[PDB]
Amino acid sequence: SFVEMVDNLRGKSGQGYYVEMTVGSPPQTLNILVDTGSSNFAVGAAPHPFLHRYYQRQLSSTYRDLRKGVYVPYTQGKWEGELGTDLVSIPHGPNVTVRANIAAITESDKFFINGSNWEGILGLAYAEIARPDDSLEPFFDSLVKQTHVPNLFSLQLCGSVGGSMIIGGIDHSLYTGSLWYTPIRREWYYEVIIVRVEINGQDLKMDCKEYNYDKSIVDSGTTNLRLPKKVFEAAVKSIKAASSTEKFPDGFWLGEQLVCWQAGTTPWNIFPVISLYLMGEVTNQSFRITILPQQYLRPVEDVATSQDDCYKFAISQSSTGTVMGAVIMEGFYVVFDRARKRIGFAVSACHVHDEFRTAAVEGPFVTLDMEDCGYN
Ligand SMILES: CC(C)(C)c1cccc(CN[C@H]2C[S@](=O)C[C@@H](Cc3cc(F)c(N)c(OC(C(F)(F)F)C(F)(F)F)c3)[C@@H]2O)c1
């Protein structure tokens, strides 16, 4: 019955992917950001310049106040509000209704995005990182506990954008080839271990601990691939060298300035492919996913009146570990198999196209001492 969830996501480039949900009785409709990088379900519940609608608790007969406050500070944005529970459904999802914790957002600072078309956030990660603390049961935990929905979901994020969130399973029509699984190292974020990095087939040759300093996570709520300082520097250097045929503004590599070319003349060939090797399921075994420049050069609307193709560099520096964001997940089908504590990757049905190259998930590879790549 997964076909009813195919294509249930929409979004705008750089502004996340959202799914339709209803809260309360009678049902109030809201679009909700899909975020594997957090664990709170929260919705606008007071007027805001960027909100066209919001959760009105007074109009819901099934609303219950938990008489406790809550705030969540993300890397950039933050909000605060009041905890409660209500009934929640996903129209293009499983045919169930659950009573879930809901944070009613009453104040926010750079959380809501102008024109994003979503009014709330669905944190799909584990209770360990829920605010105010891990006693606030996350939505998916409530869903599994209260229904017969299997304990897993999958995300097909496609490159004005669309995709699928399959709740409770895997839809085999959404990917090609084999699924490759990497262990979830710890159940807080969706934390994984990267064991090797190559750019155009050349090993970066860093201590693999550097790749996961101080963690590596899969985060649909983040746009970019974000890399620890040392890794970011090595990668930009390598990517500069590969594209040195053309010179770019120093602010381009910082994600500040965008670069444009005549429509249809974008020199994809001069930008390298990036391979991330992930810890596999058996001893000394890994697999790789390969990322094309069509993923890490994010398309942005022309700043001028002209119709050129302009892009932003969607790889940026992190101080909190590697973040495999939307531009990594795009073109892959990603299975969050909570039941078996693993994350699967396969080439998506909406995979990224290049003339002479292709995004791939490939294995098996042999990699010794993968345990040493984890940071402690
Ligand atoms: C929540 C806790 C566990 C405390 C936490 C703290 C720090 C880092 C993390 C890791 N995950 C974070 C990384 S970043 O802050 C985006 C965030 C979700 C989020 C919060 C926001 F405000 C906005 N605007 C948002 O919209 C993005 C954006 F690109 F920014 F427009 C869009 F693309 F989705 F639209 C997305 C993730 O959740 C978790």
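In case you missed it, the structure is sitting above this.
Everything in this summary refers to the structure shown in the same document.

About the thresholds
Residues numbered from 1 in each chain as written, not as in the entry; some residues may be left out. Heavy atoms only, no water. Helix = DSSP H or I, 4+ residues; strand = E, 2+ residues; numbered from the N terminus. Rg over C-alpha atoms; globule rule 2.2 N^0.38 Å. Buried < 20%, exposed > 50% of the residue type's maximum accessible area, 1.4 Å probe, protein only. Areas by Shrake-Rupley, 256 points an atom, 1.4 Å probe, with all protein chains shown as cover. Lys, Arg positive; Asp, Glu negative; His and termini not counted. Charge placed at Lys NZ, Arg CZ, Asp CG, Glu CD. Near = heavy atom within 4 Å. Polar contact = N/O pair within 3.5 Å; in protein donor to acceptor, adjacent residues only side chain to side chain. Nonpolar A, V, L, I, M, F, W, Y, C, P; charged D, E, K, R; others polar. Domains from an automatic or database assignment. Pairing = 2+ DSSP bridges.

## Here we look at the overall build of the protein
Right, on to step 1. The secondary structure content of the protein amounts to four helices and 25 strands.
Right, on to step 2. Expected size for 376 residues packed as a compact globule is a radius of gyration near 21 Å; at 21 Å, the protein falls within 12% of this value.
Right, on to step 3. Referenced to the eigenvectors of the C-alpha coordinate spread, the extents of the protein come out at roughly 65 × 55 × 40 Å.
Right, on to step 4. Across the 376 residues that make up the protein, the buried fraction comes to 56%.
Right, on to step 5. Of the roughly 16700 Å² of accessible surface on the protein, 48% is carried by carbon and sulfur atoms.
Right, on to step 6. Side-chain charges of the protein comprise 32 positive and 42 negative groups, with the mean position of each set lying 4 Å from the other.

## Points about the site of the ligand
Right, on to step 1. The environment of the ligand is made up of 25 residues, and the closest members are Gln 15, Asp 35, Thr 75, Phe 111 and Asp 219.
Right, on to step 2. Taking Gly 37, its main chain carries an N or O atom lying 3.0 Å from a nitrogen atom of the ligand.
Right, on to step 3. Here a nitrogen atom of the ligand and a side-chain polar atom of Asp 219 are 2.7 Å apart.
Right, on to step 4. Isolated, the ligand exposes 770 Å² of accessible area, and the fraction of that covered by the protein chains is 86%.
Right, on to step 5. Residue assignment for the shell around the ligand shows that the elements contributing at least two residues are β3 (28-35) and β5 (64-73).
Right, on to step 6. Considered class by class, the residues forming the shell around the ligand number 10 nonpolar, 11 polar and four charged.
Right, on to step 7. Residues from two domains meet in the shell around the ligand; each of domain 1 (17-149) and domain 2 (150-376) gives at least three.

## Some remarks on the sheet that holds strand β17 (residues 274-279)
Right, on to step 1. In space, the five strands of this open sheet follow the order β13-β12-β17-β18-β25, with antiparallel pairing throughout. The open sheet has two edge strands, β13 (202-203) and β25 (360-366), and neither has a second partner.

None of this, on its own, says anything about what the molecule does.
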